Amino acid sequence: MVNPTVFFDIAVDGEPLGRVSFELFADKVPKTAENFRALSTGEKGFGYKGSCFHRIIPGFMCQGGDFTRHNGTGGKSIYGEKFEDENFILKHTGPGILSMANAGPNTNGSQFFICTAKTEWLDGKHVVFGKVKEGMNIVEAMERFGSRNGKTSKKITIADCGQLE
């Protein structure tokens, strides 16, 4: 009836940077929304707290949520290792879009990316499920620690996370 809101408190080499919050589009993509919500609260016994943004590419996107292998090869959903693409109603319209990373059709786990540009060519293959609500300036700050090949110049971590309200 109202979409939930979750936050991440970001750190750079252990030092506090700021907080980003996200509206999750539970109205349109409820299953995909609930996965990210629950990984953010940690209520299933695992999740995003302490994990890193392993791949950041300025002018493209910030990617993380690989909490098992910390490098883009791991993660798992609250539903099993993988779950299906729920739908593609929502599109990659611009900076701040929150979207699922994947390795093929119906291979969603826990990895996600926040867009820092319009990424139209991802439409219909990555499930869009939320957007940055507060702290797009902190996402832009994060982005400056990326590189063309995605390697970060300092360690970008989710020091804390959970649900607002």
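Numbers for residues come from their place in the sequence shown, where the first is 1.
Undergrad: Quick one: which of 127, 139, 117, 56 shows the highest Cα temperature factor in the PDB entry?
TA: Answer, based on the entry's C-alpha B-factors: 117.
Undergrad: Sorting the chain's modelled residues by C-alpha B-factor, tell me whether residue 25 ends up in the lowest, middle or highest third.
TA: CA B-factor rank for residue 25: highest third.
Undergrad: Split the chain's modelled residues into thirds by Cα B-factor; is residue 77 in the lowest, middle or highest one?
TA: Its C-alpha B-factor, which the entry lists for residue 77, ranks in the middle third among residues of this chain.
Undergrad: Tell me, lowest, middle or highest third: where does the Cα B factor of residue 112 rank within its chain?
TA: Lowest third.
Undergrad: Place residue 42 in the lowest, middle or highest third of its chain's C-alpha B-factors, as listed in the PDB entry.
TA: Highest third, going by the recorded CA B-factors of the chain.
Undergrad: Going by the CA temperature factor in the PDB record, which third of the chain does residue 31 belong to: lowest, middle or highest?
TA: Lowest third - that is where residue 31 ends up once the chain's C-alpha B-factors are sorted.
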